[PDB]
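First comes one chain, alone, set out as structure tokens in the form deposited in one PDB entry.
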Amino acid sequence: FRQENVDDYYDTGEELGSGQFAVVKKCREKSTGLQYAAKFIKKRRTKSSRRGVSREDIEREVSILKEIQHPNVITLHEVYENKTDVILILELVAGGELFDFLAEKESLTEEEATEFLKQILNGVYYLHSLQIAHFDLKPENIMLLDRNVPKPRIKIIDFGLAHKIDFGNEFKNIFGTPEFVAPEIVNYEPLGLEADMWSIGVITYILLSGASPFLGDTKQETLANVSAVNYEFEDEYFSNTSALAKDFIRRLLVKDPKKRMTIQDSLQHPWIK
């Protein structure tokens, strides 16, 4: 990573958002005048510390980002590091959240939505081809490059929990928002590409109905619902949803990961064609 001072080449600006471990600010590259999204990740000081992110976890997120290159995935521009932080100069998005964009339009044809879901599936497809499990697929991580265009492109913007599946030993923890994680995760079981697919199933469900399939009033209720895979298509929301759509969701939200559709099967699915 570049050991120089970010402030020497970029002019940080307004804060765009915060996370338990990071804070992304909008910056302007001095020599080009181009805008970027600088993500500040505070380093872990001690192995016993519960604060910050271990340089290994940072290493992992940087390598992944450095490897990927797809229209539906954020791109990494530069990486700076100082005494306390590791700054990732990331591509800057302007369209906002996908779900904020859709939730501003009138009715959204079941097909008009599939066009967006198709984009997501691609990005995931790309990632999975390189054997990369995103592990943090959720609305908040799905924005739009530009919202003032004929066919706005979606971008998977975060890669913190992203893991490269290596033959041999595996990981077990690494889980994100309860509302979107898969049962394998909750029960701390062997993880794979299946988790991402479960996530996709949840996205599509919310995408079409506007309701979460496992969102409890409290983190514990949710995890409980997820663990029990007790979702349902209540006629109050899924009354104007095709049979194929529900089938598509059913094949994704299944407890046994081996029986759960894969990114390829989902693209071959008749609801996507």
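Residue indices: 1-based, along the sequence shown. Between two forms, the rigid core is the largest collection of C-alphas that superpose within 1.5 Å.
> Tell me whether residue 106 turns out to be unmodelled in at least a third of the other entries of this protein, restricted to those that model residues on both sides.
Yes: coordinates for residue 106 absent from at least a third of the compared entries.
> Of the two stretches 229 to 237 and 59 to 67, which shows the higher Cα B-factor on average in the entry?
Taking the mean C-alpha B-factor of 229 to 237 and of 59 to 67, the larger value falls to 229 to 237.
> Read off the CA B-factors in the entry, average them over 80 to 88 and over 167 to 175, and name the higher stretch.
According to the entry, 167 to 175 carries the higher average C-alpha B-factor.
> Looking at 155, 138, 147, 118, which has the highest Cα B-factor in the entry?
147 has the highest C-alpha B-factor of those listed.
> What third of its chain's C-alpha B-factors does residue 113 belong to: lowest, middle or highest?
Within its chain, residue 113 is a highest-third residue by C-alpha B-factor, going by the deposited values.
> Determine, from the deposited record, the chain-internal third of the Cα B-factor for residue 54: lowest, middle or highest.
It falls in the middle third of the chain.
> When the deposited Cα B-factors of this chain's modelled residues are ordered and cut into thirds, is residue 15 in the lowest, the middle or the highest one?
For residue 15, whose C-alpha B-factor we compare with every modelled residue in the chain, the answer is the middle third.
> Please rank the C-alpha B-factors of the chain's modelled residues and tell me whether residue 245 sits in the lowest, middle or highest third.
For residue 245, the deposited C-alpha B-factor lands in the middle third.
> C-alpha B factor of residue 196, ranked within the chain: lowest, middle or highest third?
Bottom third by C-alpha B-factor.
One more form of this protein should be noted, the form deposited in another entry, which is absent from this view; the next part is about it.
> Once you overlay the rigid core, does the Cα of residue 46 travel 2 Å or further between this form and the one not shown?
The answer is yes, as the C-alpha of residue 46 shifts between this form and the one not shown by 2 Å or more after core alignment.
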